[PDB]
């Protein structure tokens, strides 16, 4: 039942006695549920070193992964180009999911089409789907560019995208001069970040490969910036802001920050902002190209080095103090622009914050996960703060990356208790935070379930989650944050120290038991 002046939703409605009784009868009468004691005993066993051993011996099962599939990344990349429709050649179920996943993270519309290949196309291939699809998409949604990627069906069947698009043009489904860059994005290779790399290199090739004759390195006096798979609006914005403050001419190649943040002013805008085709066409005339997330931009890098002849600087993701410094110094060198007083002051304000907060941060132990570049930047900054990153998980990481991270750890005393895991999942991570308990986890919304598991063992074992990464689905508007630059470091620092203090307040809020340390001033 309900009181109408105080209506209860699922929580706490189902805690009402009548519901409790009914569900106790359901369980006992009809579910043949294991007895509680046995559930308790098995739970206990899932928290042990013995269970962890069995867990890490898995060779075939993946549980609770911490990656997605390539075309997810291809779509995000495509969204960053002016009046560009993402188009995924293959099965439509995929596009429904890609859109939902991003809708839930950004709380925004996400525009993407499928060509809806079915069983009919499973033997003969999707040539007709491509012809009708391109024509329908162009007329219905009026993009200036359609960026084509693939689902696993199309990859398995082996559709030749190049031929299908060229035939679509030859037979008048779309104009010859209408831009349709493409990439194979197999979901059973790499991950979402690989998809972004592949899509990006596809678009770069489309507008530059056949027109290299007139290009001269440095002639436009700009720096290209490739951001990679990035799901924080603040990150796109902070890079632009810093370069503009330095007076550095730049082109951000794939810039979705406008279309992922349109105003609610009475009108729906399918398209907004984005990198122009002119920018991509002119990009070989830049002084150089900077890759903000190099560990998932390897194909892009080979193209930019091999065809554009740019000497891509060896830069880490500009996260934390050192790596932001090095990014700015390199941009200074390439551009000839000095680092201005505003950025100098901003840096020192970050360092002020570090001095002010160091006592609470020192020695704190973190589990963390995410994409390779993000993870290593977070690792680096944690070391700069005097924190210990004990469990470092990158499901979609490789051996070369792990070695680079292991060397970062080995150069700091705060790295001594750290291990890097690649190819491991969040069920692996769950065991680690039981057997070798840290203070906190840093990761995405999927971590909430690990936090729940730890609390069930007992309050003293609970490992709180700090949400930084992708996706974040159970909080609102964190997609507006920043994790790059001094600005991102300040926000990360603040989140960390206040998580520590918040948890300390919780633990010291017990009247007459723990509140002796419930200090007003920290």
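By rigid core we mean the largest C-alpha set that fits within 1.5 Å across both forms. Numbering follows the first chain given and starts at 1.
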Report task. Using RMS Cα distance over all structures and residues, flag whichever of 119-127 and 399-407 lies farther from this form in 4 other deposited structures of this protein after a core fit. Result -> 119-127
Requested in this report: Output the stretch having the higher mean C-alpha B factor in the entry; the candidates are 313-321 and 159-167.
Outcome: 159-167
Query raised in the report: Averaged over C-alpha atoms, is the B-factor higher for 332-340 or for 71-79 in this PDB entry?
Result: 332-340
Requested in this report: For the C-alpha B-factor as written in the entry, point me to the maximum among 278, 439, 258, 356.
Outcome: 278
Report summary line: From 365, 104, 269, 205, the top C-alpha temperature factor is at 205
Report summary line: Here the Cα B-factor of residue 461, set against its chain, lands in the third termed middle
Report task. Check where residue 23 lands among this chain's C-alpha B-factors and tell me if it's the lowest, middle or highest third. Result -> highest
Query raised in the report: What third of the chain, by the recorded C-alpha B-factor, contains residue 152?
Result: highest
Requested in this report: Sorting the chain's modelled residues by C-alpha B-factor, tell me whether residue 285 ends up in the lowest, middle or highest third.
Outcome: highest
Report summary line: On the chain's distribution of Cα B-factors, residue 6 falls within the third called highest
